[PDB]
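Novice:
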Amino acid sequence: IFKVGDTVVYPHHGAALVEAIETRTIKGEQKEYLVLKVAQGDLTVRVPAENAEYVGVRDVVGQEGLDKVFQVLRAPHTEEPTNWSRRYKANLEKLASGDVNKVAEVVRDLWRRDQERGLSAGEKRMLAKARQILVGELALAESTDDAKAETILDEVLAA
Amino acid sequence: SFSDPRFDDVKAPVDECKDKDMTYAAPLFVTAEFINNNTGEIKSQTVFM
Amino acid sequence: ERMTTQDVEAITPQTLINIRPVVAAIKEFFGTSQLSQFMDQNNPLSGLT
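Protein chains in written order, with PDB author numbering: chain U, 2 to 160; chain E, 106 to 154; chain S, 402 to 450.
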């Protein structure tokens with residue numbers, strides 16, 4: 002399934018690289034323990050080959066998912082009640098789930114909100130964090146620049 | 106788990122520390138390692154201690 | 402403490418480790434201690450003493 006140098010997406014740390022596969026062991030069985038390393042947290046993570054889809058490490062999202070999240074865009078009519086604390090807990094639970102389409106929907110909901118009102122401190126931190134990981138995901142999905150994806154943003158963020 | 110206590114260089118020379126009232130010191134880098142027993146990983150960062 | 406309260410398969414030893422009590426302990430020992438004294442140097446014999 003996976004080979005050397007695969008640009009592979011790791012929850013919740015996003016896209017990353019593999020260097021090699023250690024044939025280290027437990028109980029004498031030398032499983033395909035692949036080493037994976039990121040540039041965000043600057044660490045290496047040894048991963049067994051078996052639990053890859055169990056942890057949910059995943060190949061990069063293509064133009065079909067890019068067009069899916071653009072289809073998610075410019076359709077922000079959703080209802081949240083006065084319990085915006087419940088909204089914060091809800092999209093916090095979203096951010097814990099780490100679905101790409103859902104992260105896109107929440108950052109465009111917050112774009113809708115600060116486009117209208119403006120947010121509070123932790124709300125803007127929420128927006129900035131989920132936005133930066135989403136745009137890192139997109140900019141390595143297209144395999145291009147971060148600021149180039151940011152230029153894509155402002156023409157897809159309510160344009 | 107922890108591993109590899111290693112030192113960096115010092116951040117200033119002695120006389121410059123003694124003049125500008127900065128303490129003479131050097132940073133600590135410690136290679137930590139987190140393991141989930143339930144699924145199995147290592148998390149080898151280089152912690153600025 | 403934060404081994405349980407934080408979520409699983411999202412944490413990292415950057416998130417786990419707080420270095421503030423350790424560096425506070427070191428700074429508290431080199432200051433404000435019985436054993437950490439000034440270098441009593443009115444002459445190098447008192448330095449060596």
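Heads up, the beta-carbon is just placed ideally off N, CA and C, and yes, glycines get one too.
Residue ranges of each alpha helix (DSSP H) run of no fewer than 4 residues wholly in the stretch 28–67 of chain U, ordered along the chain?
Specialist: 53–56
Novice: With 16 other CB atoms within 10 Å as the buried threshold, where does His78 of chain U fall?
Specialist: Looking up residue 78 of chain U in the first sequence gives position 77. Counting C-beta atoms within 10 angstroms of its own C-beta, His78 of chain U has fewer than 16 neighbours from the protein chains shown and is therefore classed as exposed.
Novice: Would you please verify whether the beta carbon of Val56 of chain U is less than 9 Å from any beta carbon of chain S?
Specialist: In the first sequence, counting from the first residue as 1, residue 56 of chain U sits at position 55. Yes, its Cβ sits closer than 9 Å to a Cβ of chain S.
Novice: Is the stretch 60–73 of chain U close to the stretch 131–144 of chain U, with three or more CB pairs under 8 Å?
Specialist: Yes, since at least three Cβ pairs between the stretch 60–73 of chain U and the stretch 131–144 of chain U fall closer than 8 Å, the two stretches touch.
Novice: So, with DSSP's three-state summary, where would you put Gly6 of chain U?
Specialist: By 1-based counting over the first sequence, the position of residue 6 of chain U is 5. Coil at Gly6 of chain U, not helix or strand.
Novice: Shorter than 9 Å from the beta carbon of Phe439 of chain S to some beta carbon of chain E?
Specialist: Counting from 1 along the third sequence, the entry for residue 439 of chain S is found at position 38. No, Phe439 of chain S lies away from the interface with chain E (no Cβ there is under 9 Å from its Cβ).
Novice: Quick one: what does DSSP say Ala17 of chain U is sitting in, helix, strand or coil?
Specialist: Working through the first sequence from its first residue, we reach residue 17 of chain U at position 16. Of the three classes helix, strand and coil, the one that applies to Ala17 of chain U here is strand, per DSSP.
Novice: Run through the DSSP bridge pairs and tell me what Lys148 of chain E is partnered with.
Specialist: Counted from its first residue, the second sequence places residue 148 of chain E at position 43. DSSP, once it has assigned bridges, lists U:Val46, E:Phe139 as partnering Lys148 of chain E.
Novice: Can you tell me whether DSSP reads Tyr11 of chain U as helix, strand or coil?
Specialist: The residue labelled residue 11 of chain U in the question sits at position 10 within the first sequence. Three-state result, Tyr11 of chain U: strand.
Novice: Classify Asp109 of chain E as helix, strand or coil using the three-state DSSP reduction.
Specialist: One-based indexing of the second sequence puts residue 109 of chain E at position 4. Note: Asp109 of chain E maps to strand in three-state DSSP.
Novice: Exposed or buried, what is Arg132 of chain U when buried is set at 16 or more other beta-carbons lying within 10 Å of its beta-carbon?
Specialist: As a position in the first sequence, residue 132 of chain U is number 131, starting the count at 1. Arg132 of chain U should be labelled buried.
Novice: Give the straight-line distance between the Cα atoms of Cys122 of chain E and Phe439 of chain S, rounded to the nearest whole angstrom.
Specialist: The residue given as residue 122 of chain E occupies position 17 in the second sequence. The residue given as residue 439 of chain S occupies position 38 in the third sequence. Distance between the alpha carbons of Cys122 of chain E and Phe439 of chain S: 16 Å.
Novice: Taking DSSP as the reference, what is the three-state secondary structure of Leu135 of chain U?
Specialist: As a working mapping, residue 135 of chain U is identified with position 134 in the first sequence. Three-state DSSP puts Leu135 of chain U in a helix.
Novice: Going by Cα to Cα distance, which pick from U:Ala97, U:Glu151, U:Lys125, U:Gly119 is closest to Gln407 of chain S?
Specialist: As a first step, residue 407 of chain S is located in the third sequence; it is residue number 6 there, counting from the start. The option with the nearest alpha carbon to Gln407 of chain S is U:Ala97.
Novice: Between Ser149 of chain E and chain U, is there a C-beta pair that is closer than 9 Å?
Specialist: Stepping through the second sequence from its first residue, residue 149 of chain E is reached at position 44. With 9 Å as the cut-off, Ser149 of chain E counts as an interface residue toward chain U.
Novice: Cα separation between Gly432 of chain S and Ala426 of chain S?
Specialist: Reading the third sequence from its first residue, position 31 is the one you call residue 432 of chain S. Reading the third sequence from its first residue, position 25 is the one you call residue 426 of chain S. C-alpha separation (whole angstroms): 10 Å.
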